[PDB]
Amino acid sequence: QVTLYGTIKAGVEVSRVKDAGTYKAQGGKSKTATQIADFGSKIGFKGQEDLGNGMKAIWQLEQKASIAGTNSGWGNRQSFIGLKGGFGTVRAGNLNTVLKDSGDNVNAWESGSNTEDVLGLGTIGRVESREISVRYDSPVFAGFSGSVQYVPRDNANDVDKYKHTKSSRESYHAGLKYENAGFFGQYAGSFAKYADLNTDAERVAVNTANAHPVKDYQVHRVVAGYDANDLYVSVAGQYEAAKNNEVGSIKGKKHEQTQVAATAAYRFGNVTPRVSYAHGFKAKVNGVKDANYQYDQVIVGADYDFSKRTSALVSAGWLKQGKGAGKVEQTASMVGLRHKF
């Protein structure tokens, strides 16, 4: 067996930044931008074959396909080959991280890439990625399931394959999930003995310009809520910590940040109003409080479901980053359309 699927989705966004530092216009305000933007249209191919003994072969090839025609590549969304049966599921390839998957219960919004941080809970998602990796998923059993996932050294750093001179950027991802009668709890997280962050605290490839080597990199996410009877509510807590691993005065000093997010939605027939709130507390950077990494955000909107495949979408969002005169405030709103095939 073999099937074609995808989502086409897009809309118009309207945004404004308030940033004293970069916009000399009055009160530090940018002008208002108005863009047709693709929201992450995608196309895939996938299939499975019964292997005779309760085992199945599974594979998938999913690609970014933006109707603005700005993508190229195959396999640059989750793509894999694997086996599934009574044991659970094993998969190898460009895999979502346990934490990328858990993000479905945290960030429900659609936006173009420009507005990810204001029209969506982009900041809490900064820890989410796809990795050439292997992943095991369970058995859902007595309402419990789990995943375990690993990125080898020589996949995390190809260059260094044969000379093991940079320390390993191999990493571990794992989660545990419980569902009962509409109630869900999940823990998802990751660990990397050595990694590298950019200044927005995203993981980037070893040897990226302005990469900051870190050590004992760890992320934890707990999510809980209720998804049943027209009602959805979700609350997430996230904690990130690493040690400075750059050679310099500050090696060994402690990085950390705490983020929380909350979403509520109610389904009124075909209309689903949604509200979200997120906050990042002050980061400790090199052992010292850094309020540049603090933020607050609220998003409100709704989906109109024409069909089970097709929705109209509207949202607006209000985001505040940092403290004082370093302050950045983003405002945005959009209207859009989504169609799943």
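We call the rigid core whatever largest set of C-alpha positions still superposes within 1.5 Å between the two forms. So that there is no doubt, residue numbering starts at 1 and follows the sequence shown.
Enquirer: Which segment is farther from the shown form on average in 4 other deposited structures of this protein after a rigid core fit, 246 to 254 or 114 to 122, going by CA atoms?
Expert: Checking 246 to 254 against 114 to 122 in 4 other deposited structures of this protein, I find the farther stretch is 246 to 254.
Enquirer: Mean C-alpha B-factor higher for 312 to 320, or for 24 to 32?
Expert: The stretch with the larger mean CA B-factor is 24 to 32.
Enquirer: Test of understanding: from the entry's C-alpha B-factors, which stretch has the higher mean, 34 to 42 or 281 to 289?
Expert: The entry gives the higher C-alpha B-factor average to 281 to 289.
Enquirer: Out of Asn207, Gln78, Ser133, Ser72, whose C-alpha atom has the biggest B factor in the entry?
Expert: Among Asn207, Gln78, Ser133, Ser72, the PDB entry lists the largest C-alpha B-factor for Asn207.
Enquirer: Hey, out of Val159, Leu95, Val90, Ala174, whose CA B-factor is highest in the deposited coordinates?
Expert: Answer for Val159, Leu95, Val90, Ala174: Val159, with the highest C-alpha B-factor.
Enquirer: Determine, from the deposited record, the chain-internal third of the Cα B-factor for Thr3: lowest, middle or highest.
Expert: For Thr3, the deposited C-alpha B-factor lands in the middle third.
Enquirer: Among all modelled residues of this chain, ranked by Cα B factor, put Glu170 in the bottom, middle or top third, i.e. lowest, middle or highest.
Expert: It falls in the bottom third of the chain.
Enquirer: For the chain shown, is the CA B-factor of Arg126 in the lowest, middle or highest third of its modelled residues?
Expert: According to the entry, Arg126 has a C-alpha B-factor in the chain's lowest third.
Enquirer: Should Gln294 be placed in the lowest, middle or highest third of its chain by the C-alpha B factor in the entry?
Expert: Highest third, going by the recorded CA B-factors of the chain.
Enquirer: Please say which third, lowest, middle or highest, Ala325 falls into when its CA temperature factor is compared across its chain.
Expert: Its C-alpha B-factor belongs to the highest third of this chain's values.
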